[PDB]
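Everything below concerns the one structure shown next.
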Amino acid sequence: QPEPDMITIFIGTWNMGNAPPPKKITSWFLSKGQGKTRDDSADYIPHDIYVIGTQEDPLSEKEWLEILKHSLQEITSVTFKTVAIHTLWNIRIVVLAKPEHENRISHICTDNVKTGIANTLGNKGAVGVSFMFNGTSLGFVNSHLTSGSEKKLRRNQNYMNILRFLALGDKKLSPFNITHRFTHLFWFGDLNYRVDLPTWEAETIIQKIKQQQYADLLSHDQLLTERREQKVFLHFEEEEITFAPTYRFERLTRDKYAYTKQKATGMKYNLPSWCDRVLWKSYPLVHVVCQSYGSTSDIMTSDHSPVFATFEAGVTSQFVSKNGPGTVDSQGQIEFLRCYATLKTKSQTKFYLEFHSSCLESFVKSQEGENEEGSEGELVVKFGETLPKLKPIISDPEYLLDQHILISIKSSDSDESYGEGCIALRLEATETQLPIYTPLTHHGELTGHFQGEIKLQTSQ
Ligand SMILES: Fc1ccc(CNC[C@H]2CCCO2)cc1
């Protein structure tokens with residue numbers, strides 16, 4: 001029975017509005033409704049992994065697991081195994097996998113982050129799950145961010161707190177936050193970003209939605225504009241939106257958007273918005289393709305509609321050779337040549353690098369670099385040909401060309417990371433000096449760049 005090199009992953013996000021679901025929710029898991037939908041000829045083909053994020057979920061874990069599992073069994077005639085379930089308040093994540101995957105899945109982690117302070121602490125935040133699927137690390141985050149059209153900057157702050165403080169994946173990757181710990185990271189939820197148009201335009205917006213004319217609405221979507229200005233979700237992807245706004249509906253129909261201010265809304269308007277979103281970030285040159293992104297039309301218990309997204313994702317096998325794991329393979333080496341970091345910092349500490357990768361027995365610390373001043377005010381840290389030669393555990397190019405090197409640049413004075421990035425070993429050539437590049441971030445914001453050349457020796 002061969003190991004897969006690609007799996008499909010279902011991501012769902014649904015703010016249930018504190019109401020029990022209707023008796024049939026299969027359209028969600030089939031990616032049917034509006035937007036980029038799944039072909040009918042695939043309806044009986046199970047996804048490998050289903051990740052369900054809810055917000056304002058009124059059900060017990062047991063109640064929701066029975067609904068989810070019975071839904072999937074009806075669609076696929078497969079009884080899924082529960083990988084993980086984690087709930088913070090009314091925010092929940094469930095991961096289900098085909099039974100054949102049970103022994104491929106290990107290192108299962110869960111965590112949550114509560115956002116805000118005092119007044120603003122007690123219902124918003126995120127839950128997440130991570131695990132290994134054979135040689136591939138997968139992370140999933142369901143967040144319920146701050147509500148309200150005038151609170152986009154709080155949502156952005158909620159995002160940074162979640163990526164800083166959510167503790168998932170390999171704890172040995174100490175300089176790295178969740179935006180660098182996984183081959184594939186999916187971040188979804190009720191992100192609560194709104195269409196920023198004047199209140200007076202509510203009926204105009206409704207008109208546009210009825211005509212399926214979303215362009216002048218998407219151009220005011222706060223998540224798209226904040227991303228374009230690099231204020232949030234830096235280096236994440238989102239599929240183009242081709243479905244109607246998923247909030248705020250009158251319950252029990254989808255014919256009406258309920259936008260006007262009421263005591264129940266704190267006297268706030270809720271113009272039609274794409275609150276409910278799925279984004280992802282995968283390591284460079286790893287296969288990931290969105291094959292659906294849309295909303296259901298027939299699940300109407302909540303003031304939100306469910307949102308689905310599905311993905312092809314590249315995965316790798318748990319590689320064994322006669323040498324590694326348990327030793328190095330001296331037919332392999334990674335040389336970083338003529339490298340330099342460009343940093344936005346004003347500090348004048350010396351810096352060193354750490355190289356982290358599951359192709360190494362343990363992380364590798366460099367010598368300190370040589371600081372120079374850039375012509376436009378920047379710090380340039382030069383490493384020369386001084387960098388340690390990295391000794392991978394396995395030299396076979398079928399393994400090594402699929403790996404990645406995480407890089408942290410750290411202050412000698414504080415040992416704190418000033419920037420994190422990732423280099424793919426999926427090179428055009430071996431035994432050849434080739435350019436490499438990564439942006440560097442810290443707490444998910446841009447702090448600099450790392451560039452230079454690499455020379456990769458494999459056993460071929
Ligand atoms: F749904 C799931 C999926 C995975 C698991 C954990 N399986 C661990 C692997 C390694 C050791 C033997 O199986 C439980 C439930």
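Each chain of the structure tokens is named A, B, ... in the order shown, its residues numbered from 1; ligands are numbered from 1 in display order.
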
Q) How would you write, as an MDAnalysis selection string, the set of residues no farther than 12 Å from ligand 1 when counting only C-alpha atoms and all ligand atoms? A) chainID A and resid 48:51 69 79:85 94:109 130:134 318

Give me a file of those residues, with C-alpha atoms, as an mmCIF file, in the first residue's frame.
```cif
data_model
loop_
_atom_site.group_PDB
_atom_site.id
_atom_site.type_symbol
_atom_site.label_atom_id
_atom_site.label_comp_id
_atom_site.auth_asym_id
_atom_site.auth_seq_id
_atom_site.Cartn_x
_atom_site.Cartn_y
_atom_site.Cartn_z
ATOM 1 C CA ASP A 48 -8.337 12.789 3.408
ATOM 2 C CA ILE A 49 -8.743 15.273 6.286
ATOM 3 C CA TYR A 50 -11.747 17.435 7.338
ATOM 4 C CA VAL A 51 -11.098 20.434 9.594
ATOM 5 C CA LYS A 69 -19.361 11.986 11.720
ATOM 6 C CA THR A 79 -16.527 6.231 9.272
ATOM 7 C CA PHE A 80 -13.963 8.984 9.999
ATOM 8 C CA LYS A 81 -11.591 8.885 12.982
ATOM 9 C CA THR A 82 -11.344 11.865 15.336
ATOM 10 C CA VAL A 83 -7.791 13.276 15.275
ATOM 11 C CA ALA A 84 -8.474 16.164 17.661
ATOM 12 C CA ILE A 85 -11.163 18.421 19.070
ATOM 13 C CA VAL A 94 -12.586 19.376 14.977
ATOM 14 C CA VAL A 95 -10.135 17.365 12.827
ATOM 15 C CA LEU A 96 -11.369 14.148 11.267
ATOM 16 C CA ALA A 97 -9.347 11.793 9.044
ATOM 17 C CA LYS A 98 -9.985 8.704 6.927
ATOM 18 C CA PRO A 99 -9.250 5.517 8.938
ATOM 19 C CA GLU A 100 -6.392 4.566 6.574
ATOM 20 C CA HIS A 101 -4.543 7.700 7.802
ATOM 21 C CA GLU A 102 -4.649 6.900 11.513
ATOM 22 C CA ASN A 103 -1.076 5.441 11.681
ATOM 23 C CA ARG A 104 0.241 8.231 9.312
ATOM 24 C CA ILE A 105 -0.891 10.947 11.826
ATOM 25 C CA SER A 106 1.106 11.622 15.018
ATOM 26 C CA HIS A 107 2.455 14.496 17.179
ATOM 27 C CA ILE A 108 -1.083 15.860 17.665
ATOM 28 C CA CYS A 109 -1.086 19.251 19.464
ATOM 29 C CA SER A 130 -1.248 20.603 14.523
ATOM 30 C CA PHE A 131 0.054 17.163 13.642
ATOM 31 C CA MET A 132 2.488 15.308 11.393
ATOM 32 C CA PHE A 133 1.094 13.467 8.372
ATOM 33 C CA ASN A 134 4.041 11.183 7.479
ATOM 34 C CA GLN A 318 8.585 9.165 6.558
#
```

Can you check which parts of range 27-115 of chain A lie within 10 Å of range 176-194 of chain A? Per residue, the shortest pair of atoms and distance in Å to one decimal, counting only C-alpha atoms, sorted by chain and number, as CSV.
```
residue,atom,partner,partner_atom,distance
A:51,CA,A:186,CA,9.5
A:52,CA,A:188,CA,9.6
A:53,CA,A:189,CA,6.5
A:54,CA,A:189,CA,7.3
A:55,CA,A:190,CA,7.0
A:56,CA,A:190,CA,9.7
A:91,CA,A:189,CA,9.2
A:92,CA,A:189,CA,9.9
A:93,CA,A:189,CA,9.9
```

Q | Near-residue 299 in chain A list (9 Å; only C-alpha atoms; drop same-chain fewer than 5 positions) as a ChimeraX atom specification | A | /A:21-22,24-25,27-28,252-254,305-306

Residues of the last selection are to be written out with N, CA, C and O atoms, as a PDB file, in the first residue's frame.
```
ATOM      1  N   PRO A  21     -27.738  23.390  14.562  1.00  0.00           N
ATOM      2  CA  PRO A  21     -27.763  23.309  13.119  1.00  0.00           C
ATOM      3  C   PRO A  21     -29.056  22.672  12.636  1.00  0.00           C
ATOM      4  O   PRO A  21     -29.767  22.019  13.420  1.00  0.00           O
ATOM      5  N   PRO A  22     -29.365  22.788  11.345  1.00  0.00           N
ATOM      6  CA  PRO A  22     -30.497  22.059  10.795  1.00  0.00           C
ATOM      7  C   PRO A  22     -30.127  20.582  10.654  1.00  0.00           C
ATOM      8  O   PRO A  22     -28.965  20.188  10.825  1.00  0.00           O
ATOM      9  N   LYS A  24     -29.832  18.611   8.097  1.00  0.00           N
ATOM     10  CA  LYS A  24     -28.927  18.228   7.003  1.00  0.00           C
ATOM     11  C   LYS A  24     -27.938  19.373   6.725  1.00  0.00           C
ATOM     12  O   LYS A  24     -28.352  20.487   6.449  1.00  0.00           O
ATOM     13  N   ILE A  25     -26.648  19.049   6.812  1.00  0.00           N
ATOM     14  CA  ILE A  25     -25.559  20.035   6.553  1.00  0.00           C
ATOM     15  C   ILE A  25     -24.601  19.457   5.516  1.00  0.00           C
ATOM     16  O   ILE A  25     -23.495  19.958   5.376  1.00  0.00           O
ATOM     17  N   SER A  27     -24.345  19.722   2.331  1.00  0.00           N
ATOM     18  CA  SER A  27     -23.917  20.663   1.266  1.00  0.00           C
ATOM     19  C   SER A  27     -22.584  21.317   1.669  1.00  0.00           C
ATOM     20  O   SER A  27     -21.735  21.554   0.817  1.00  0.00           O
ATOM     21  N   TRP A  28     -22.392  21.569   2.958  1.00  0.00           N
ATOM     22  CA  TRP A  28     -21.131  22.181   3.428  1.00  0.00           C
ATOM     23  C   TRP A  28     -19.941  21.303   3.026  1.00  0.00           C
ATOM     24  O   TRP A  28     -18.963  21.782   2.401  1.00  0.00           O
ATOM     25  N   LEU A 252     -33.368  31.623   8.883  1.00  0.00           N
ATOM     26  CA  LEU A 252     -34.394  30.702   8.329  1.00  0.00           C
ATOM     27  C   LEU A 252     -34.692  31.043   6.867  1.00  0.00           C
ATOM     28  O   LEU A 252     -35.465  30.297   6.242  1.00  0.00           O
ATOM     29  N   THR A 253     -34.070  32.070   6.313  1.00  0.00           N
ATOM     30  CA  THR A 253     -34.048  32.302   4.850  1.00  0.00           C
ATOM     31  C   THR A 253     -32.614  32.687   4.459  1.00  0.00           C
ATOM     32  O   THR A 253     -31.837  32.933   5.404  1.00  0.00           O
ATOM     33  N   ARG A 254     -32.273  32.831   3.175  1.00  0.00           N
ATOM     34  CA  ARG A 254     -31.072  33.619   2.762  1.00  0.00           C
ATOM     35  C   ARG A 254     -31.506  34.782   1.885  1.00  0.00           C
ATOM     36  O   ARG A 254     -30.621  35.444   1.297  1.00  0.00           O
ATOM     37  N   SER A 305     -23.720  32.298   6.861  1.00  0.00           N
ATOM     38  CA  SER A 305     -23.652  31.049   6.105  1.00  0.00           C
ATOM     39  C   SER A 305     -22.317  30.364   6.300  1.00  0.00           C
ATOM     40  O   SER A 305     -21.280  31.047   6.363  1.00  0.00           O
ATOM     41  N   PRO A 306     -22.305  29.033   6.339  1.00  0.00           N
ATOM     42  CA  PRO A 306     -21.038  28.310   6.338  1.00  0.00           C
ATOM     43  C   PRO A 306     -20.202  28.606   5.093  1.00  0.00           C
ATOM     44  O   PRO A 306     -20.746  28.770   4.000  1.00  0.00           O
TER      45      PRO A 306
END
```

Q) What's the 8 Å shell around residue 149 in chain A, counting only C-alpha atoms, without same-chain residues fewer than 2 positions away, as a PyMOL selection string? A) chain A and resi 147+151-152+193-196+270

Residue list (helix (DSSP H, G or I), DSSP) for range 135-294 of chain A, as a PDB file with N, CA, C and O atoms, in the first residue's frame:
```pdb
ATOM      1  N   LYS A 152     -11.169  47.337  12.760  1.00  0.00           N
ATOM      2  CA  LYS A 152     -10.203  46.549  11.969  1.00  0.00           C
ATOM      3  C   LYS A 152      -8.808  46.481  12.647  1.00  0.00           C
ATOM      4  O   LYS A 152      -8.113  45.489  12.550  1.00  0.00           O
ATOM      5  N   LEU A 153      -8.377  47.557  13.304  1.00  0.00           N
ATOM      6  CA  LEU A 153      -7.029  47.564  13.916  1.00  0.00           C
ATOM      7  C   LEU A 153      -7.028  46.595  15.105  1.00  0.00           C
ATOM      8  O   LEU A 153      -6.032  45.906  15.286  1.00  0.00           O
ATOM      9  N   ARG A 154      -8.123  46.475  15.858  1.00  0.00           N
ATOM     10  CA  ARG A 154      -8.183  45.442  16.922  1.00  0.00           C
ATOM     11  C   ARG A 154      -8.091  44.050  16.292  1.00  0.00           C
ATOM     12  O   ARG A 154      -7.347  43.225  16.810  1.00  0.00           O
ATOM     13  N   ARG A 155      -8.779  43.819  15.173  1.00  0.00           N
ATOM     14  CA  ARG A 155      -8.693  42.498  14.541  1.00  0.00           C
ATOM     15  C   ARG A 155      -7.241  42.226  14.195  1.00  0.00           C
ATOM     16  O   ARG A 155      -6.764  41.111  14.381  1.00  0.00           O
ATOM     17  N   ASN A 156      -6.564  43.234  13.662  1.00  0.00           N
ATOM     18  CA  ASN A 156      -5.149  43.034  13.288  1.00  0.00           C
ATOM     19  C   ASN A 156      -4.301  42.683  14.527  1.00  0.00           C
ATOM     20  O   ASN A 156      -3.419  41.801  14.495  1.00  0.00           O
ATOM     21  N   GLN A 157      -4.592  43.360  15.617  1.00  0.00           N
ATOM     22  CA  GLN A 157      -3.893  43.068  16.895  1.00  0.00           C
ATOM     23  C   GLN A 157      -4.228  41.656  17.387  1.00  0.00           C
ATOM     24  O   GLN A 157      -3.356  40.973  17.944  1.00  0.00           O
ATOM     25  N   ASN A 158      -5.505  41.264  17.237  1.00  0.00           N
ATOM     26  CA  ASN A 158      -5.918  39.900  17.642  1.00  0.00           C
ATOM     27  C   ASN A 158      -5.111  38.878  16.845  1.00  0.00           C
ATOM     28  O   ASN A 158      -4.576  37.913  17.404  1.00  0.00           O
ATOM     29  N   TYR A 159      -4.969  39.133  15.532  1.00  0.00           N
ATOM     30  CA  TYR A 159      -4.170  38.254  14.663  1.00  0.00           C
ATOM     31  C   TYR A 159      -2.750  38.113  15.212  1.00  0.00           C
ATOM     32  O   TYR A 159      -2.196  37.014  15.304  1.00  0.00           O
ATOM     33  N   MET A 160      -2.093  39.229  15.547  1.00  0.00           N
ATOM     34  CA  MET A 160      -0.672  39.130  15.980  1.00  0.00           C
ATOM     35  C   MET A 160      -0.603  38.402  17.327  1.00  0.00           C
ATOM     36  O   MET A 160       0.284  37.524  17.533  1.00  0.00           O
ATOM     37  N   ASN A 161      -1.533  38.686  18.236  1.00  0.00           N
ATOM     38  CA  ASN A 161      -1.500  37.930  19.502  1.00  0.00           C
ATOM     39  C   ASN A 161      -1.655  36.428  19.265  1.00  0.00           C
ATOM     40  O   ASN A 161      -0.974  35.619  19.878  1.00  0.00           O
ATOM     41  N   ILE A 162      -2.589  36.020  18.403  1.00  0.00           N
ATOM     42  CA  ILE A 162      -2.794  34.592  18.132  1.00  0.00           C
ATOM     43  C   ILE A 162      -1.514  33.989  17.550  1.00  0.00           C
ATOM     44  O   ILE A 162      -1.072  32.948  17.969  1.00  0.00           O
ATOM     45  N   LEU A 163      -0.914  34.602  16.535  1.00  0.00           N
ATOM     46  CA  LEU A 163       0.260  33.907  15.937  1.00  0.00           C
ATOM     47  C   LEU A 163       1.418  33.939  16.938  1.00  0.00           C
ATOM     48  O   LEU A 163       2.179  32.935  16.957  1.00  0.00           O
ATOM     49  N   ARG A 164       1.499  34.969  17.802  1.00  0.00           N
ATOM     50  CA  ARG A 164       2.616  34.950  18.779  1.00  0.00           C
ATOM     51  C   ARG A 164       2.429  33.837  19.780  1.00  0.00           C
ATOM     52  O   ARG A 164       3.423  33.220  20.227  1.00  0.00           O
ATOM     53  N   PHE A 165       1.221  33.666  20.285  1.00  0.00           N
ATOM     54  CA  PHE A 165       1.033  32.929  21.546  1.00  0.00           C
ATOM     55  C   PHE A 165       0.448  31.563  21.352  1.00  0.00           C
ATOM     56  O   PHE A 165       0.306  30.782  22.311  1.00  0.00           O
ATOM     57  N   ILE A 178       3.879  30.148  14.724  1.00  0.00           N
ATOM     58  CA  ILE A 178       3.116  29.213  13.893  1.00  0.00           C
ATOM     59  C   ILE A 178       3.224  29.537  12.398  1.00  0.00           C
ATOM     60  O   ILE A 178       2.994  28.623  11.602  1.00  0.00           O
ATOM     61  N   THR A 179       3.564  30.770  12.018  1.00  0.00           N
ATOM     62  CA  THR A 179       3.641  31.116  10.581  1.00  0.00           C
ATOM     63  C   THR A 179       4.876  30.504   9.934  1.00  0.00           C
ATOM     64  O   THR A 179       5.005  30.643   8.703  1.00  0.00           O
ATOM     65  N   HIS A 180       5.768  29.846  10.681  1.00  0.00           N
ATOM     66  CA  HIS A 180       6.933  29.147  10.128  1.00  0.00           C
ATOM     67  C   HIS A 180       7.016  27.690  10.557  1.00  0.00           C
ATOM     68  O   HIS A 180       7.936  26.998  10.068  1.00  0.00           O
ATOM     69  N   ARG A 181       6.140  27.187  11.418  1.00  0.00           N
ATOM     70  CA  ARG A 181       6.345  25.824  11.960  1.00  0.00           C
ATOM     71  C   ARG A 181       5.806  24.719  11.068  1.00  0.00           C
ATOM     72  O   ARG A 181       6.111  23.553  11.360  1.00  0.00           O
ATOM     73  N   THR A 199     -22.838  53.588   5.717  1.00  0.00           N
ATOM     74  CA  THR A 199     -24.134  53.051   6.174  1.00  0.00           C
ATOM     75  C   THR A 199     -25.214  53.391   5.143  1.00  0.00           C
ATOM     76  O   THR A 199     -25.970  52.489   4.788  1.00  0.00           O
ATOM     77  N   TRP A 200     -25.269  54.637   4.648  1.00  0.00           N
ATOM     78  CA  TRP A 200     -26.341  55.064   3.706  1.00  0.00           C
ATOM     79  C   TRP A 200     -26.379  54.148   2.472  1.00  0.00           C
ATOM     80  O   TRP A 200     -27.475  54.016   1.872  1.00  0.00           O
ATOM     81  N   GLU A 201     -25.274  53.466   2.159  1.00  0.00           N
ATOM     82  CA  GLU A 201     -25.172  52.642   0.927  1.00  0.00           C
ATOM     83  C   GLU A 201     -25.712  51.218   1.132  1.00  0.00           C
ATOM     84  O   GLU A 201     -25.585  50.380   0.212  1.00  0.00           O
ATOM     85  N   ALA A 202     -26.309  50.903   2.273  1.00  0.00           N
ATOM     86  CA  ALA A 202     -26.745  49.518   2.583  1.00  0.00           C
ATOM     87  C   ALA A 202     -27.612  48.947   1.470  1.00  0.00           C
ATOM     88  O   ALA A 202     -27.375  47.822   1.046  1.00  0.00           O
ATOM     89  N   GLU A 203     -28.612  49.683   0.988  1.00  0.00           N
ATOM     90  CA  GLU A 203     -29.543  49.093   0.018  1.00  0.00           C
ATOM     91  C   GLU A 203     -28.822  48.972  -1.320  1.00  0.00           C
ATOM     92  O   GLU A 203     -29.100  48.026  -2.038  1.00  0.00           O
ATOM     93  N   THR A 204     -27.960  49.907  -1.649  1.00  0.00           N
ATOM     94  CA  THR A 204     -27.123  49.795  -2.870  1.00  0.00           C
ATOM     95  C   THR A 204     -26.304  48.519  -2.795  1.00  0.00           C
ATOM     96  O   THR A 204     -26.151  47.800  -3.816  1.00  0.00           O
ATOM     97  N   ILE A 205     -25.680  48.265  -1.650  1.00  0.00           N
ATOM     98  CA  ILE A 205     -24.845  47.028  -1.519  1.00  0.00           C
ATOM     99  C   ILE A 205     -25.701  45.768  -1.732  1.00  0.00           C
ATOM    100  O   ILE A 205     -25.310  44.864  -2.469  1.00  0.00           O
ATOM    101  N   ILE A 206     -26.880  45.733  -1.136  1.00  0.00           N
ATOM    102  CA  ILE A 206     -27.803  44.609  -1.313  1.00  0.00           C
ATOM    103  C   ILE A 206     -28.140  44.396  -2.783  1.00  0.00           C
ATOM    104  O   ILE A 206     -28.176  43.267  -3.252  1.00  0.00           O
ATOM    105  N   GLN A 207     -28.397  45.503  -3.494  1.00  0.00           N
ATOM    106  CA  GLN A 207     -28.660  45.485  -4.958  1.00  0.00           C
ATOM    107  C   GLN A 207     -27.517  44.796  -5.685  1.00  0.00           C
ATOM    108  O   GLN A 207     -27.775  43.926  -6.539  1.00  0.00           O
ATOM    109  N   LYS A 208     -26.298  45.246  -5.411  1.00  0.00           N
ATOM    110  CA  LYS A 208     -25.109  44.665  -6.060  1.00  0.00           C
ATOM    111  C   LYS A 208     -25.042  43.158  -5.809  1.00  0.00           C
ATOM    112  O   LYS A 208     -24.698  42.379  -6.712  1.00  0.00           O
ATOM    113  N   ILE A 209     -25.300  42.744  -4.548  1.00  0.00           N
ATOM    114  CA  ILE A 209     -25.261  41.315  -4.207  1.00  0.00           C
ATOM    115  C   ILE A 209     -26.303  40.551  -5.019  1.00  0.00           C
ATOM    116  O   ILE A 209     -25.990  39.477  -5.545  1.00  0.00           O
ATOM    117  N   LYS A 210     -27.512  41.074  -5.136  1.00  0.00           N
ATOM    118  CA  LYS A 210     -28.561  40.388  -5.928  1.00  0.00           C
ATOM    119  C   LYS A 210     -28.162  40.254  -7.398  1.00  0.00           C
ATOM    120  O   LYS A 210     -28.582  39.280  -8.047  1.00  0.00           O
ATOM    121  N   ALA A 215     -17.432  43.141  -7.352  1.00  0.00           N
ATOM    122  CA  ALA A 215     -16.137  43.837  -7.512  1.00  0.00           C
ATOM    123  C   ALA A 215     -16.058  45.100  -6.667  1.00  0.00           C
ATOM    124  O   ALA A 215     -15.011  45.280  -6.006  1.00  0.00           O
ATOM    125  N   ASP A 216     -17.049  45.974  -6.701  1.00  0.00           N
ATOM    126  CA  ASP A 216     -16.973  47.256  -5.977  1.00  0.00           C
ATOM    127  C   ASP A 216     -17.213  47.006  -4.486  1.00  0.00           C
ATOM    128  O   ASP A 216     -17.209  47.989  -3.685  1.00  0.00           O
ATOM    129  N   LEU A 217     -17.674  45.821  -4.110  1.00  0.00           N
ATOM    130  CA  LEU A 217     -17.749  45.502  -2.670  1.00  0.00           C
ATOM    131  C   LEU A 217     -16.390  44.960  -2.194  1.00  0.00           C
ATOM    132  O   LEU A 217     -15.879  45.403  -1.163  1.00  0.00           O
ATOM    133  N   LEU A 218     -15.794  44.022  -2.940  1.00  0.00           N
ATOM    134  CA  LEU A 218     -14.502  43.423  -2.563  1.00  0.00           C
ATOM    135  C   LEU A 218     -13.408  44.472  -2.483  1.00  0.00           C
ATOM    136  O   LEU A 218     -12.476  44.367  -1.720  1.00  0.00           O
ATOM    137  N   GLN A 222     -12.261  44.943   4.172  1.00  0.00           N
ATOM    138  CA  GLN A 222     -11.143  45.351   5.041  1.00  0.00           C
ATOM    139  C   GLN A 222     -10.027  44.324   5.052  1.00  0.00           C
ATOM    140  O   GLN A 222      -8.894  44.685   5.307  1.00  0.00           O
ATOM    141  N   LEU A 223     -10.330  43.047   4.976  1.00  0.00           N
ATOM    142  CA  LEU A 223      -9.249  42.044   5.024  1.00  0.00           C
ATOM    143  C   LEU A 223      -8.367  42.181   3.755  1.00  0.00           C
ATOM    144  O   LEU A 223      -7.125  42.207   3.878  1.00  0.00           O
ATOM    145  N   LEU A 224      -8.985  42.277   2.594  1.00  0.00           N
ATOM    146  CA  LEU A 224      -8.213  42.487   1.348  1.00  0.00           C
ATOM    147  C   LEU A 224      -7.400  43.799   1.407  1.00  0.00           C
ATOM    148  O   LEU A 224      -6.213  43.778   1.055  1.00  0.00           O
ATOM    149  N   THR A 225      -7.973  44.880   1.929  1.00  0.00           N
ATOM    150  CA  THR A 225      -7.203  46.152   1.935  1.00  0.00           C
ATOM    151  C   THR A 225      -6.128  46.112   2.993  1.00  0.00           C
ATOM    152  O   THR A 225      -5.013  46.577   2.748  1.00  0.00           O
ATOM    153  N   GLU A 226      -6.398  45.576   4.183  1.00  0.00           N
ATOM    154  CA  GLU A 226      -5.368  45.489   5.212  1.00  0.00           C
ATOM    155  C   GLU A 226      -4.241  44.564   4.756  1.00  0.00           C
ATOM    156  O   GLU A 226      -3.086  44.845   5.037  1.00  0.00           O
ATOM    157  N   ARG A 227      -4.561  43.471   4.069  1.00  0.00           N
ATOM    158  CA  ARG A 227      -3.506  42.568   3.557  1.00  0.00           C
ATOM    159  C   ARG A 227      -2.661  43.325   2.527  1.00  0.00           C
ATOM    160  O   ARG A 227      -1.421  43.355   2.668  1.00  0.00           O
ATOM    161  N   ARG A 228      -3.360  44.114   1.620  1.00  0.00           N
ATOM    162  CA  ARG A 228      -2.614  44.771   0.514  1.00  0.00           C
ATOM    163  C   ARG A 228      -1.666  45.810   1.118  1.00  0.00           C
ATOM    164  O   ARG A 228      -0.617  46.075   0.502  1.00  0.00           O
ATOM    165  N   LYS A 263     -31.045  47.115  19.301  1.00  0.00           N
ATOM    166  CA  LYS A 263     -30.470  46.967  20.649  1.00  0.00           C
ATOM    167  C   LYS A 263     -29.610  45.704  20.709  1.00  0.00           C
ATOM    168  O   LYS A 263     -28.553  45.717  21.329  1.00  0.00           O
ATOM    169  N   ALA A 264     -30.038  44.637  20.041  1.00  0.00           N
ATOM    170  CA  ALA A 264     -29.330  43.334  20.070  1.00  0.00           C
ATOM    171  C   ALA A 264     -27.925  43.451  19.454  1.00  0.00           C
ATOM    172  O   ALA A 264     -27.046  42.627  19.808  1.00  0.00           O
ATOM    173  N   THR A 265     -27.716  44.438  18.585  1.00  0.00           N
ATOM    174  CA  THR A 265     -26.386  44.627  17.951  1.00  0.00           C
ATOM    175  C   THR A 265     -25.611  45.722  18.655  1.00  0.00           C
ATOM    176  O   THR A 265     -24.612  46.178  18.124  1.00  0.00           O
TER     177      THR A 265
END
```

Q: Do a neighbour search on residue 302 in chain A at 7 Å with only C-alpha atoms, toss out local chain neighbours closer than 5 positions, and write the hits as number ranges by chain.
A: A: 16-17, 19, 251

Go ahead and save the residues from that selection, with N, CA and C atoms, as a JSON list (two decimals), in the first residue's frame.
```
[["chain", "number", "residue", "atom", "x", "y", "z"],
["A", 16, "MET", "N", -22.17, 29.80, 14.00],
["A", 16, "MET", "CA", -23.49, 29.12, 14.15],
["A", 16, "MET", "C", -24.49, 30.05, 14.84],
["A", 17, "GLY", "N", -24.10, 31.21, 15.30],
["A", 17, "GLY", "CA", -25.06, 32.16, 15.87],
["A", 17, "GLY", "C", -25.79, 31.60, 17.07],
["A", 19, "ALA", "N", -27.14, 28.85, 17.66],
["A", 19, "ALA", "CA", -28.34, 28.05, 17.34],
["A", 19, "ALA", "C", -27.90, 26.68, 16.93],
["A", 251, "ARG", "N", -32.28, 34.92, 9.93],
["A", 251, "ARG", "CA", -32.31, 33.45, 10.05],
["A", 251, "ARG", "C", -33.53, 32.84, 9.34]]
```

Excluding residue 372 in chain A and its own-chain neighbours fewer than 6 positions away, which residues fall within 12 Å of it when counting only C-alpha atoms? Please give them as a CSV table (one decimal) with N, CA and C atoms, in the first residue's frame.
```csv
chain,number,residue,atom,x,y,z
A,340,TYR,N,23.8,37.4,3.2
A,340,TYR,CA,23.7,38.6,4.1
A,340,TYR,C,22.2,38.8,4.4
A,341,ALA,N,22.0,39.3,5.6
A,341,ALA,CA,20.7,39.8,6.1
A,341,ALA,C,20.7,41.3,6.0
A,342,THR,N,19.5,41.8,5.6
A,342,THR,CA,19.2,43.2,5.6
A,342,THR,C,18.1,43.4,6.6
A,343,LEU,N,18.4,44.2,7.7
A,343,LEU,CA,17.4,44.3,8.8
A,343,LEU,C,17.0,45.7,8.9
A,348,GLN,N,22.4,48.0,17.4
A,348,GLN,CA,23.8,47.8,16.9
A,348,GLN,C,24.5,46.6,17.5
A,349,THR,N,23.7,45.6,18.1
A,349,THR,CA,24.2,44.3,18.5
A,349,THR,C,24.9,43.6,17.3
A,350,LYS,N,25.8,42.6,17.6
A,350,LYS,CA,26.2,41.6,16.6
A,350,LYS,C,25.0,40.6,16.5
A,351,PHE,N,24.9,39.9,15.3
A,351,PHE,CA,23.9,38.9,15.1
A,351,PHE,C,24.6,37.6,14.6
A,378,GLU,N,20.0,51.3,6.4
A,378,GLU,CA,19.6,49.9,6.9
A,378,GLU,C,20.9,49.3,7.6
A,379,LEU,N,20.6,48.2,8.4
A,379,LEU,CA,21.7,47.3,8.8
A,379,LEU,C,21.8,46.1,7.9
A,380,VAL,N,23.0,45.9,7.4
A,380,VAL,CA,23.4,44.8,6.6
A,380,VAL,C,24.3,43.9,7.4
A,381,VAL,N,24.0,42.7,7.6
A,381,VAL,CA,24.8,41.7,8.4
A,381,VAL,C,25.4,40.8,7.4
A,382,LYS,N,26.7,40.7,7.2
A,382,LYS,CA,27.4,39.9,6.1
A,382,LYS,C,27.9,38.6,6.8
A,383,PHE,N,27.7,37.5,6.2
A,383,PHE,CA,28.2,36.2,6.8
A,383,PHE,C,29.4,35.6,6.0
```

Q: Would you kindly return, as a list in words, each protein, DNA or RNA residue with an atom no farther than 9 Å from any atom of residue 20 in chain A, considering only C-alpha atoms and excluding same-chain residues fewer than 5 positions away?
A: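 Once the nearby chain positions are removed, what remains is residues 57, 58, 59, 301 and 302 of chain A.
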